[PDB]
Asks: 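So that we are looking at the same thing, I have put the structure below in structure tokens.
Residue numbers begin at 1 in each chain, while the letters A, B, ... track the order of the sequences. Values reported hereafter were calculated over all heavy atoms of this structure, with side chains retained and with hydrogens, waters and symmetry mates removed.
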Amino acid sequence: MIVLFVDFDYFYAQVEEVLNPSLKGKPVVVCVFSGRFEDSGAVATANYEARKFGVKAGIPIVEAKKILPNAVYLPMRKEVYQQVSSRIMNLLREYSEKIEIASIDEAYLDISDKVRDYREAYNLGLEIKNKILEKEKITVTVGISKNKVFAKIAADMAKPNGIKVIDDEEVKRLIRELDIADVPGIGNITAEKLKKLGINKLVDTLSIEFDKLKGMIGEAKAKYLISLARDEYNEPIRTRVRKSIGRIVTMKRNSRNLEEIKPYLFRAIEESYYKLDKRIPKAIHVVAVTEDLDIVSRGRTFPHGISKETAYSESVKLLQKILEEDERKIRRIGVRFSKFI
DNA sequence: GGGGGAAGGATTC
DNA sequence: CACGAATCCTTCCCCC
Ligand SMILES: [Ca+2]
Ligand SMILES: [Ca+2]
Ligand SMILES: [Ca+2]
């Protein structure tokens with residue numbers, strides 16, 4: 001099996017660059033402004049020019065501006081990036097018939113048939129790279145290997161605007177030399193748990209008793225890491241189906257006042273419904289981000305679909321449940337709809 | 001003992 | 001100061 005992973009470079013920022021080419025070469029910082037105060041919010045993404053100075057996703061817009069006061073700061077336009085993304089996916093869709101659109105800027109292609117051997121895969125990568133740059137002016141990094149994980153890891157090492165193949169010989173090398181933190185799906189929480197177990201490399205996961213591993217990072221994560229360390233990971237390429245739709249907004253000020261929160265919650269619901277399509281959810285969750293940035297939620301599954309009126313009403317009950325069962329003030333509030341009919 | 005949901009939280013990208 | 005969604009997990013519960 002040959003997997004070709006495609007990852008659009010600094011996507012949001014690059015799109016803004018495509019929509020306004022005079023931006024090229026300048027530090028471009030796409031931000032999600034929260035509205036709690038001038039420049040409150042975080043950086044969603046930044047082009048590499050901004051990144052080489054530490055301005056990256058997750059840092060507050062205020063910290064980025066102190067580092068790069070003259071960069072171009074743009075409000076994130078999710079809808080625009082999604083439409084652009086959809087076009088690129090369609091473009092890729094004609095290269096493989098087997099595609100897994102992992103997110104707005106990532107997709108895996110099972111080109112096991114379309115190609116044979118990594119030379120032809122590599123060449124196909126360039127075909128895809130040139131095609132995307134041609135029709136959309138979007139540079140992407142391509143990762144190629146035997147499975148999604150290493151295909152993704154290949155892209156991680158080749159970005160930006162690169163292409164890399166990780167042959168079966170290197171797979172083995174990385175299995176014992178790649179920091180396990182750099183393995184997809186292993187975040188800081190898991191990375192630390194593995195460090196405390198003596199696992200710093202994928203192969204080290206073979207030094208632990210499975211049940212001890214399972215006990216520490218969960219069975220699913222244990223079997224995942226083990227399979228990769230044995231060079232046996234082989235999950236198929238298949239785009240998952242949207243299982244939930246929601247929206248969560250940040251309030252101007254933290255609150256515990258029902259009437260003060262409702263408007264935000266209702267706006268969340270309204271946008272969530274517009275997003276749903278003709279899709280009808282049977283489950284609804286009200287999600288709140290507490291003042292200490294903790295996330296709490298209360299939901300309910302109905303035996304039928306949820307009309308907007310029912311949503312408006314149940315969400316208020318769920319929000320009252322949250323306030324009733326958690327003392328903290330609420331910073332962000334929203335809803336998530338799932339279990340579509 | 002354990003299937004099968006549902007619920008609330010943990011994690012990751 | 002810090003802004004959508006999938007899986008996975010663990011807990012609880014109904015119940016055969
Ligand atoms: Ca990515
Ligand atoms: Ca990317
Ligand atoms: Ca990591």
Asks: Would you classify A:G218 as touching base, sugar-phosphate or nothing, given that sugar-phosphate means primed atoms plus P, OP1 and OP2, and contacts are heavy atoms under 4.0 Å?
Replies: sugar-phosphate
Asks: Could you check which of C:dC1, C:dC3, C:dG4 has an atom nearest any side-chain atom of A:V32?
Replies: C:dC3
Asks: Do any N or O atoms from the side chain of A:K129 and from the backbone of A:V140 form a donor-acceptor pair under 3.5 angstrom?
Replies: yes
Asks: If you draw the axis of the six-membered ring of A:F53, does the NZ or CZ of A:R51 fall within 45° of it and under 6.0 Å from the ring centre?
Replies: no
Asks: Would the distance check show the side chain of A:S85 and the main-chain N or O of A:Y81 forming a donor-acceptor pair, the cut-off being under 3.5 Å?
Replies: no
Asks: May I ask you to say what A:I61 touches in the nucleic acid, namely base, sugar-phosphate or nothing, with a heavy-atom cut-off under 4.0 Å?
Replies: nothing
Asks: If you assign each of A:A42 and A:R240 to its closest nucleotide in DNA chain C, which residue comes earlier from the 5' end?
Replies: A:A42
Asks: Is it the case that the side chain of A:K148 and the backbone of A:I237 share a donor-acceptor pair, with hydrogens and angles ignored and the cut-off at 3.5 Å?
Replies: no
Asks: Counting primed atoms plus P, OP1 and OP2 as sugar-phosphate and everything else as base, spell out the protein contacts along nucleotides 4-13 of chain B at 4.0 Å heavy-atom distance: B, S or - for each nucleotide, 5' to 3'.
Replies: --SSSS-SSS
Asks: Whole angstrom is fine here: how far is it from NZ in A:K243 over to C1' in C:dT7?
Replies: 7 Å
Asks: With a 4.0 Å limit, can you tell me whether A:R331 has a side-chain N or O closer than that to the phosphate oxygens OP1/OP2 of C:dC3?
Replies: yes
Asks: When the distance from CD1 of A:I101 to P of C:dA5 is rounded to whole Å, what number comes out?
Replies: 15 Å
Asks: Between A:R279 (CZ) and C:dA5 (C1'), how many Å, whole number?
Replies: 12 Å
Asks: When you group the ILVMFWY residues by side-chain heavy-atom contacts below 4.5 Å and let the links chain together, are A:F8 and A:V84 in the same group?
Replies: yes
Asks: Return whichever of A:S244 or A:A44 has its heavy-atom-nearest nucleotide of DNA chain C closer to the 5' end.
Replies: A:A44
Asks: What nucleic acid atoms does A:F37 come within less than 4.0 Å of, heavy atoms only: base, sugar-phosphate, or nothing?
Replies: sugar-phosphate
Asks: Find the distance A:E271:CD to C:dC3:P and express it as a whole number of Å.
Replies: 17 Å
Asks: Starting at atom CZ of A:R332, determine the distance to atom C1' of C:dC1, rounded to an integer number of angstrom.
Replies: 11 Å
Asks: Measure from the side-chain N and O atoms of A:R173 to the backbone N and O of A:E169, and report whether any donor-acceptor pair falls under 3.5 Å.
Replies: no
Asks: Please give, in whole Å, the distance from C:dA6 P to A:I248 CD1?
Replies: 13 Å
Asks: So does A:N161 get a backbone contact from the side chain of A:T141, meaning a donor-acceptor N/O pair under 3.5 Å?
Replies: yes
Asks: Can you tell me how far the CD1 atom of A:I144 sits from the NZ atom of A:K152, to the nearest 0.5 Å?
Replies: 16.0 Å
Asks: Please measure how far the P atom in C:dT7 lies from the corresponding atom in B:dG5, and state the result in whole Å.
Replies: 16 Å
Asks: Would you classify A:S40 as touching base, sugar-phosphate or nothing, given that sugar-phosphate means primed atoms plus P, OP1 and OP2, and contacts are heavy atoms under 4.0 Å?
Replies: sugar-phosphate
Asks: Would you indicate which nucleotide in C:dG4, C:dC8, C:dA2 comes nearest to any side-chain atom of A:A220?
Replies: C:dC8
Asks: If I take atom OH in residue A:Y12 and atom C1' in nucleotide C:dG4, what distance separates them, rounded to the nearest angstrom?
Replies: 8 Å
Asks: From CZ of A:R77 over to P of C:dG4, roughly how many Å is that when rounded to an integer?
Replies: 18 Å
Asks: What does A:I59 touch in the nucleic acid at a heavy-atom separation under 4.0 angstrom: a base, only the sugar-phosphate, or nothing?
Replies: nothing
